[PDB]
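Take a look at the structure set out below.
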Amino acid sequence: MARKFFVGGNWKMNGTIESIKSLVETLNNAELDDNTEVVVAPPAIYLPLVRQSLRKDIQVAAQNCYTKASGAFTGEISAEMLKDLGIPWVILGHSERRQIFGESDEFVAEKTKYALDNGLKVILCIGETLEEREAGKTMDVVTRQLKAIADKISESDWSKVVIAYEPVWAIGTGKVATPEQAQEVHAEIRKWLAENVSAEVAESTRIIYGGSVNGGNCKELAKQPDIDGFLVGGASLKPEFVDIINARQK
Amino acid sequence: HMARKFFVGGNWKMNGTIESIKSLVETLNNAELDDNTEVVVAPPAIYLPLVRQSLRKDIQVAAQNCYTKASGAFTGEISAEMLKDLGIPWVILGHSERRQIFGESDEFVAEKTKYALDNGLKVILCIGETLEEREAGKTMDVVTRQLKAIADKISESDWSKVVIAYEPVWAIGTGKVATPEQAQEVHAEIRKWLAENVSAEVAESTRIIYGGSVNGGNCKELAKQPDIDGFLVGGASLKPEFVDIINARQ
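Chains as they are written, first to last, in this note's numbering: chain A, 1 to 250; chain B, 1 to 250.
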């Protein structure tokens, strides 16, 4: 419904000045679908290098931020620092921070509200484990994760949010969700947004899919009506990222 | 202090913008600093390139944290190879805020420490007890257990690239600095532990620095104690008096 196709690339903990320059040069020479909104997320120490050298139509995302303006939080980055460097986006609630670093639903919610209130746009990650899906709890998990943010941010705040549904069993495993599998979750998420936030927020909020998206499976995924794009991990380090940006082309 | 070079680190924590950092750096670049003092400053990761390129080269730069692996799917983490790739020779590990807020275990800090040392970094390793552990007579048990976790993993020659920062948690940011006698008593216990558990040579040559409400008004009396080899400075490292602390022995 007029939702602009969105492809994010999460580089995670990967890259050197040399390999990043090469990845940036590949993107700077690429032929990109004019209708795709593209964001890439480098490790924090390379945000200046990428932001200074990357084509300006591709915006830069941080991979995390904290909940406060400044203070005694060794090793944390604040939203104000991102704004200071010209970084407009931040990924929050990624599965690796929820599991490895124990980030709670409320912690992600606090981060999301702080980011939005201070000038950033948010890629908000949600997703169930294999055990939660096997237990029949997929929707219970992803709606509880979303509900923590919905209770904290205004209806207007959602215009600056992209939702990333990334089932944990699909992340890095090579087990991509099937188009039907992804479609049925995004439809249920959008339905949840209609009853709990508003019908307009449901209609305009991009819900992107992440988890083993690559050049060979992205075209079929992109045809599903409630899938508005991708959050791409392993493939965002490779030239194939360009084909995923161009997944709505024939 | 047994030919141990005096060492002053500034941990900027989650503070700074390009503008405030330029001013901070200009104050240091113009300052008269004791040549007998080793000086290290730790900006947030997003400003490591800005600081590393504009700061006088007799002051070294540190990251405030790093992860345990060379690369991989660890959204929001920085590796030791990225620090080496950026020319950042130090890293602070085990800081209380990471232990308490972010839940870093003794073993996790130890894994980071060994990985960082193995890949060419030098480590400021933070240890220290809370108010409540001290109220139960556990100061020595706590700080030696935090230390033993690193000792169990690193070799004797690795200690030449380690500085120990004793920062009692009740003194961090609270304005309740350790008295010279309180701090000296713990530092002597730490050096004793090193002599009994590693080697006499490691005990004699390892800098044990003190952190916790150090400022220009209390650094000189603290620096007179025989087993205090310098300071890890928090809030005052953002201020001109950081120079006074660098010159605490002159």
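We treat Cβ as the ideally placed atom computed from N, Cα and C, and that holds for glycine.
For a cut-off of 8 Å, the C-beta gap from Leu48 of chain B to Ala63 of chain B is around 6 Å, short enough to register as a contact. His186 of chain A and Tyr209 of chain A have their C-alpha atoms roughly 8 Å apart. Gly230 of chain B sits in a strand when the DSSP states are folded into three classes. CA-to-CA, the gap between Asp106 of chain B and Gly94 of chain B works out to about 8 Å.
For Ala182 of chain A, the enclosing alpha helix (DSSP H) covers residues 179 to 196.
Taking 7 Å as the CB threshold, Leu48 of chain B lines the interface with chain A. Residue environment: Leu131 of chain B is assigned as exposed (fewer than 16 neighbouring CB atoms within 10 Å of its CB, all protein chains considered).
Exposed is the label assigned to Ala2 of chain A, since fewer than 16 other Cβ atoms lie within 10 Å of its Cβ. Distance from the Cα of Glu134 of chain A is smallest, within the candidate group A:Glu188, A:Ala79, A:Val168, A:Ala72, for A:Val168. Separation of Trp192 of chain A and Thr143 of chain A (C-alpha to C-alpha, rounded to the nearest whole angstrom) is 7 Å. At a Cβ-Cβ threshold of 7 Å, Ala194 of chain A and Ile149 of chain A do not count as neighbours.
Using a Cβ-Cβ cut-off of 7 Å, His95 of chain B counts as an interface residue toward chain A, since at least one Cβ of chain A sits closer than that to its own. Close CB contacts of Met13 of chain A within its chain, under the 8 Å cut and outside five residues either way in sequence, are with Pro43 (chain order).
The beta carbon of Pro167 of chain A does not come within 7 Å of any beta carbon belonging to chain B, so the residue lies off that interface. Any Cβ of chain A closer than 7 Å to the Cβ of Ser79 of chain B would place that residue at the interface, and such an atom is present. Look at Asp243 of chain A: its C-beta is not under 7 Å from any C-beta on chain B. Sixteen is the threshold: since fewer than 16 other Cβ atoms of the shown chains lie within 10 Å of the Cβ of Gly102 of chain A, the residue is exposed. Taking CB atoms only, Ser70 of chain A has a neighbour in chain B less than 7 Å away. When A:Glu240, A:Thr205, A:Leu23 are compared, the shortest CA-CA separation from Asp226 of chain A is found for A:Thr205.
In this structure, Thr17 of chain B keeps its C-beta atom at 7 Å or more from the C-beta atom of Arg97 of chain A. For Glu189 of chain B, the CB contacts under 6 Å within the same chain, skipping 5 residues up- and downstream, are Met140 in chain order.
With 16 or more neighbouring CB atoms inside 10 Å of its own CB, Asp157 of chain A falls in the buried class. Look at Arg52 of chain B: its C-beta is not under 7 Å from any C-beta on chain A. For chain B, the residues of the segment 4 to 15 of chain A that bring a beta carbon within less than 8 Å of one of its beta carbons are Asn10, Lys12, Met13, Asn14, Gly15, in chain order.
The C-beta separation of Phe6 of chain B from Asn36 of chain B comes to about 6 Å, placing the pair in contact by the 8 Å criterion.
The segment 216 to 231 of chain B and the segment 196 to 204 of chain B do not touch, with fewer than three beta-carbon pairs separated by less than 8 Å. Around the beta-carbon of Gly233 of chain A, 16 or more other beta-carbon atoms lie within 10 Å, marking it buried.
The C-alpha of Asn65 of chain B lies about 8 Å from the C-alpha of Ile78 of chain B. The C-beta distance from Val41 of chain B to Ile59 of chain B rounds to 6 Å, short enough to meet the 8 Å contact threshold. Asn118 of chain A has its alpha-carbon roughly 14 Å from the corresponding atom of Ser154 of chain A.
Residue environment for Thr173 of chain A: exposed (fewer than 16 other C-beta atoms within 10 angstroms of its C-beta). The beta carbon of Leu49 of chain A sits closer than 7 Å to the beta carbons of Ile17, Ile20 from its chain, once the five residues preceding and following it are set aside; these are given in chain order. Chain B places a beta carbon closer than 7 Å to that of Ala44 of chain A, counting this residue as a contact. Under the DSSP definition of a beta bridge, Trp90 of chain B partners with B:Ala62, B:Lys122.
For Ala80 of chain B, the enclosing alpha helix (DSSP H) has its first and last residue at 80 to 85.
In this structure, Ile127 of chain B keeps its C-beta atom at 7 Å or more from the C-beta atom of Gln100 of chain B.
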